[PDB]
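As numbered in the authors' numbering, residues 29 to 102, 106 to 454 make up the sequence shown, in order.
Only one structure is covered here, and it is reproduced in the block below.
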Amino acid sequence: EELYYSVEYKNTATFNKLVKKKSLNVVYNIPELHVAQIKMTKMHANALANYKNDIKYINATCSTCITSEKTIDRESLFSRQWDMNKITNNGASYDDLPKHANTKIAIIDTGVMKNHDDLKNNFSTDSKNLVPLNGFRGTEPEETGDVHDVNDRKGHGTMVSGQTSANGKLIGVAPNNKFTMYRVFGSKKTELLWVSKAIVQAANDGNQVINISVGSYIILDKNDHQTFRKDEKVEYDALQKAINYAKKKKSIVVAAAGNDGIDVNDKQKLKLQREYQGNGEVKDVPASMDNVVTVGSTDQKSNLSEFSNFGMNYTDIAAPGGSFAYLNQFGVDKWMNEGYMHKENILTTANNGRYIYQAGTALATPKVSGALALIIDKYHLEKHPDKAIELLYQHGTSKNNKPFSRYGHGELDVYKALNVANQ
Ligand SMILES: [Ca+2]
Ligand SMILES: [Ca+2]
Ligand SMILES: [Ca+2]
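Written out as C-alpha cells, the structure is:
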C-alpha cells in the first residue's frame, strides 16, 4: 500500500530529474519552499532517503495533527455586536477609519460565501483555491482543483471573513478593506503543506496582512538529524519558512492561539494533545512560530476565554473571541431558552447567507488582522510593517495591567490605535 510522504528537496532541477527517473507520484509541490508531497510505498520512501544529494528530509505526512474547527449551529435572532463595542469605544472609532482603505487582508481558511450581502463588496477576485484535485489524501472526488473555487463547504471561513470585513447588517473591524480568501479545506481535513502554499500565495498576491485562524499540534524532534524521520519536521520547516517568506515580502502573519485552554509552557499538557510519549516535543503551530502575531481570546468580561491557550513567550495580544462558560455551566436548555448566546458568543456571517453565534480563538484573530490593516492605512506604514506591529502593541492595546503571560501586550483597542495623533 502507498502512503503520503512530505519531502524537502535541495534543488528544483535535480529534484525534477529525480522525479522523472523514479516516476515519483508527486501529489503537491511548493517550489518556493523546496517541498513536495509524494505518494509511495514505505520501502520506496526509505530508498528515496538515500539520495543525500537531492533530498534533505522525508517524513510521513501527519494524519491526526490538525485540530478540528467549530461551525456547529447550536441563529435566528440578530443581537448587537458586544465584541466590536469592546474594541471600538462603543462604535466611536468607526468615525476614525482611514479614508483610503488600501490594505488587503488575506484569510487562509475553509473558503467564503462570496455573495453574502455583508461580504460581497469587500471580496477580492484574487481569491484562490489551494485544495488539490481529489482533496485530502485523494478522498474528495468532487474537488476539481479549480483555482477559482473558494466556495465555503464547512462554514468557518465565512465566519472569520465577517470579523475582518462585514459591511452591512454586521460590521467587521475593517469594513472598507478588501479581503482575499485562500481556501485550504474541502469538506474534510486540511494539510499543513496546503496552508504553507497558501501563505506563499497570499504574500505573492500583495496581501500585507495574512490571517490564519486555524492551528495544529505538530511533533518535532530537533535531536534527530536523520533524513528519513519519525517526526513532522518537513511540515514544521515548511510552515516556518512560508511565514518568513511572507515577512520577506512585507506581509504580517497573524495566527490564532490554540483552543484547548493550555499553558503552552506546560510540556506535559502539550504532549497530551497528540498522546505523544516520544523524545521530541509537541508544538502549537503556527501560533508559536517566529514572526507570528499570536492572538489569544477574551470573553465579554475582558477575561481570557476558558478555551484560549496562553503562555509566556507565546501570547502577543488578545481580542474578544467569546466563551461557553454559561453553556458548560447550565446546559444547553437553560443557556438557550434564556439567551446566554447573546452575551457570551460572537455574532458573525454564516455560509447560509445569514448569521451564526460562535466562539473561539478563530474569531478573535481576525479582529487583530483587521486592526493591522487599519493601522497600516491610517499611518501609511506599507513600507514598514514592523512599525504597524509595534504600533498595534504600544497603542492598539488597552492598559489594564493584564498579565503578559495570558494577554501579551493587552486586549485589542481599535479606538486607541486610530487616535495616536490625539494627545
Ligand atoms: Ca509585498
Ligand atoms: Ca516561539
Ligand atoms: Ca508570536
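Each residue gets a CB set at the ideal place from its N, CA and C atoms; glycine is no exception.
Reference residue i, options the options, closest by Cα
{"i": "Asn133", "options": "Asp408, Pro416, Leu412 and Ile420", "result": "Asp408"}
{"i": "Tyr357", "options": "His179, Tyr371, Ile348 and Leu76", "result": "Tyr371"}
{"i": "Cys93", "options": "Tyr248, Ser244, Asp294 and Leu394", "result": "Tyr248"}
{"i": "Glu36", "options": "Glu29, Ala277, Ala350 and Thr89", "result": "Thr89"}
{"i": "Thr40", "options": "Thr69, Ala273 and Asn81", "result": "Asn81"}
{"i": "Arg102", "options": "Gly384, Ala419, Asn340 and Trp366", "result": "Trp366"}
{"i": "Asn153", "options": "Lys117, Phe167, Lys414 and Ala137", "result": "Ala137"}
{"i": "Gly391", "options": "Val284, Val245 and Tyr307", "result": "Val245"}
{"i": "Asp140", "options": "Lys200, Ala349 and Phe210", "result": "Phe210"}
{"i": "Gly352", "options": "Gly176, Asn53 and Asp114", "result": "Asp114"}
{"i": "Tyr33", "options": "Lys48, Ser354, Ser91 and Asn44", "result": "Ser91"}
{"i": "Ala393", "options": "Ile293, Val55, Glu97 and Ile83", "result": "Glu97"}
{"i": "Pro416", "options": "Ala234, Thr42 and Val226", "result": "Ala234"}
{"i": "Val231", "options": "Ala269, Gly217 and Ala205", "result": "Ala269"}
{"i": "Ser107", "options": "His373, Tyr410 and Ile243", "result": "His373"}
{"i": "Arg111", "options": "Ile202, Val284 and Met68", "result": "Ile202"}
{"i": "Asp315", "options": "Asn116, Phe341 and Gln454", "result": "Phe341"}
{"i": "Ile293", "options": "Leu335, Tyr276 and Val143", "result": "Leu335"}
{"i": "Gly176", "options": "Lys200, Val215 and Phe43", "result": "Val215"}
{"i": "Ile250", "options": "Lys281, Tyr213, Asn275 and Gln304", "result": "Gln304"}
Extent of the continuous alpha helix (DSSP H) run through residue i
{"i": "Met212", "result": "No alpha helix (DSSP H) contains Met212, which is instead part of the beta strand (DSSP E) from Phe210 to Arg214."}
{"i": "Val399", "result": "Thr392 to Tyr410"}
{"i": "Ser247", "result": "Note, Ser247: premise wrong, no alpha helix (DSSP H); beta strand (DSSP E) at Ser247 to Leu251."}
{"i": "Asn275", "result": "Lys264 to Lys279"}
{"i": "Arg437", "result": "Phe435 to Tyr438"}
{"i": "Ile118", "result": "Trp113 to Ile118"}
{"i": "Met367", "result": "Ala356 to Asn368"}
{"i": "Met372", "result": "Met372 to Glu375"}
Alpha carbon of residue i to alpha carbon of residue j, nearest angstrom
{"i": "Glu369", "j": "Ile377", "result": "17 Å"}
{"i": "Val313", "j": "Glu263", "result": "10 Å"}
{"i": "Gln239", "j": "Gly311", "result": "34 Å"}
{"i": "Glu30", "j": "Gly188", "result": "32 Å"}
{"i": "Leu422", "j": "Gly441", "result": "13 Å"}
{"i": "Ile100", "j": "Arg385", "result": "14 Å"}
{"i": "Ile387", "j": "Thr379", "result": "5 Å"}
{"i": "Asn198", "j": "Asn208", "result": "10 Å"}
{"i": "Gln389", "j": "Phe167", "result": "26 Å"}
{"i": "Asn322", "j": "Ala229", "result": "17 Å"}
{"i": "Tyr85", "j": "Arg437", "result": "36 Å"}
{"i": "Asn382", "j": "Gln360", "result": "29 Å"}
{"i": "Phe435", "j": "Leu46", "result": "50 Å"}
{"i": "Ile118", "j": "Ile83", "result": "49 Å"}
{"i": "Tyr56", "j": "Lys145", "result": "26 Å"}
{"i": "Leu52", "j": "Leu76", "result": "10 Å"}
{"i": "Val265", "j": "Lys302", "result": "19 Å"}
{"i": "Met190", "j": "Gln308", "result": "36 Å"}
{"i": "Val54", "j": "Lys278", "result": "28 Å"}
{"i": "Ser339", "j": "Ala349", "result": "10 Å"}
{"i": "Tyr79", "j": "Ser227", "result": "25 Å"}
{"i": "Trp225", "j": "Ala419", "result": "28 Å"}
{"i": "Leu412", "j": "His72", "result": "50 Å"}
Run of the beta strand (DSSP E) containing residue i, from where it starts to where it stops
{"i": "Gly327", "result": "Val323 to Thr329"}
{"i": "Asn87", "result": "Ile83 to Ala88"}
{"i": "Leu31", "result": "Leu31 to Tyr37"}
{"i": "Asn242", "result": "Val240 to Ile243"}
{"i": "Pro351", "result": "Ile348 to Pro351"}
{"i": "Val285", "result": "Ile283 to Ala287"}
Beta-bridge partners of residue i, as assigned by DSSP
{"i": "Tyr386", "result": "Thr380"}
{"i": "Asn53", "result": "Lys67"}
{"i": "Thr221", "result": "None; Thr221 has no bridge partner."}
{"i": "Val143", "result": "Answer by DSSP bridge pairing: none, since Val143 is not bridged."}
{"i": "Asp294", "result": "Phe341"}
{"i": "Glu312", "result": "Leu251"}
{"i": "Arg260", "result": "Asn87"}
{"i": "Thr428", "result": "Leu443"}
{"i": "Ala137", "result": "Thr211 and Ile241"}
{"i": "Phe154", "result": "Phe210"}
{"i": "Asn198", "result": "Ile202"}
{"i": "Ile94", "result": "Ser247"}
{"i": "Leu335", "result": "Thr329"}
{"i": "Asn235", "result": "Note: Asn235 sits in no beta bridge, so no partner."}
Residue i beta carbon near ligand 4 (any heavy atom closer than 7 Å)
{"i": "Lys418", "result": "Questions concerning ligand 4 fall outside what the structure shown contains, since the ligands it does hold are ligand 1, ligand 2 and ligand 3."}
Stretch-stretch touch, CB-based, cutoff 8 Å, three pairs: the stretch 312–332 with the stretch 269–289: yes
Are the stretch 251–266 and the stretch 147–154 touching by the rule of at least three beta carbon pairs closer than 8 Å? no
Is the number of C-beta pairs between the stretch 120–128 and the stretch 176–189 that are closer than 8 Å three or more? no
Is it true that the stretch 339–347 meets the stretch 58–78, where meeting means three or more beta-carbon pairs spaced less than 8 Å apart? no
The stretch 439–450 in contact with the stretch 172–179 per 3-pair CB rule at 8 Å: no
Are the stretch 193–212 and the stretch 397–411 touching, with three or more C-beta to C-beta distances below 8 Å? yes
The stretch 424–438 touching the stretch 297–308, judged by at least three CB pairs closer than 8 Å: no
Should the stretch 215–222 be regarded as contacting the stretch 161–168, the criterion being three or more beta carbon pairs within less than 8 Å? yes
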